[PDB]
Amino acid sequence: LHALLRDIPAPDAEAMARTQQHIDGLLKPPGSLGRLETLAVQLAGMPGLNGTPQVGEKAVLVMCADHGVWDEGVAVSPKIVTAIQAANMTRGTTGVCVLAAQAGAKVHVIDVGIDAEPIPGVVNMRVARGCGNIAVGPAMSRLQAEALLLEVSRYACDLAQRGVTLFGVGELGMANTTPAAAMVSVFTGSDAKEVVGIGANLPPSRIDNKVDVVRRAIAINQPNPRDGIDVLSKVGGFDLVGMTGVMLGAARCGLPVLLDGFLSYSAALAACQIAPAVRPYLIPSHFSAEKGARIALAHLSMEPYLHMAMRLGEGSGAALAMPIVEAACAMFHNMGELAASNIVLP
């Protein structure tokens, strides 16, 4: 793990320079394709990409797990939904499944701690049957967190070896917006009220209780904002940990990772905190309809591409952005050049 972290590669400045130059000579006014150009340069800097914006196979990794904090009345979805929805992922009827199929990506469902019997078809990396209730203690032990990071990290890089070049990250876990908010509050220093959202349709009247629960989690655990693993293990969850581990794994493999929404933003804060070297490999997707979204993105210094008011999770946002990435590549590779058209601009 220390190793892993130490071995995350820096972006290739030379490939990025060549990229920029090539982009500038394309059949268009310089800088006219904006963020599409920026994205391309960004991809070119990623070592696992072989010095050019490329997209081979794509995968969406969905980390599933239950949370003890559910018992605090913070989520209106029945607890069983995690297990149910996880099974559905195997059938391709879920939102993420549908969107991923549309993007030509494959969905990997990972059980990191669902409180139910094992689901055949799902990758088993179960830590425990649900995590601890952050309201009265830690979500898990530091050890547990590090082990899972490690394990997920490896699974992630191993995929690279099978042709995957683009990852998408997501989750599934009733009550997960609670630990997400607590993390955000901690890393960001925002008061709970400012970051606590409606999650999966929590009635406005139940909001207040959700805020108190977050403050309690923090008060009791005293997570150290300067230590991402500490924060994750205390007020996080197994699914939060898994997502962070996907990020670490893709970075180590020098590959790009598309974020999803709020939950993913929390994970991303943790990752960057643990290893700043991770930052350049992250790509935002959409702008989540969760209340704490703006705060979390500001701290990541990220501006998503899509404004869809989505708040489903599962990695559905990450899948929806996949075509944008491929577009940046197509632009780079298939557009003709000014010079060939004998076009001269000031």
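Residue numbers here begin at 1 and follow the sequence given.
- Taking only CA atoms, the mean B-factor in the PDB entry is higher for 333-341 than for the other of 333-341 and 14-22.
- Comparing 88-96 with 204-212, the stretch with the higher mean C-alpha B-factor in the PDB entry is 204-212.
- Sorting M46, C64, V60, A293 by the CA temperature factor given in the entry leaves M46 at the top.
- Taking the PDB entry at face value, the top CA B factor among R129, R142, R252, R162 belongs to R162.
- Sort the chain's modelled residues by C-alpha temperature factor and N133 lands in the middle third, per the entry.
- Per-chain ranking of the deposited C-alpha B factor places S316 in the lowest third.
- Among the modelled residues of the chain, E194 sits in the highest third by CA temperature factor in this PDB entry.
- In the deposited entry, the Cα temperature factor of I114 sits in the top third of values across the chain's modelled residues.
- Ranked by Cα temperature factor within the chain, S266 sits in the lowest third according to the deposited record.
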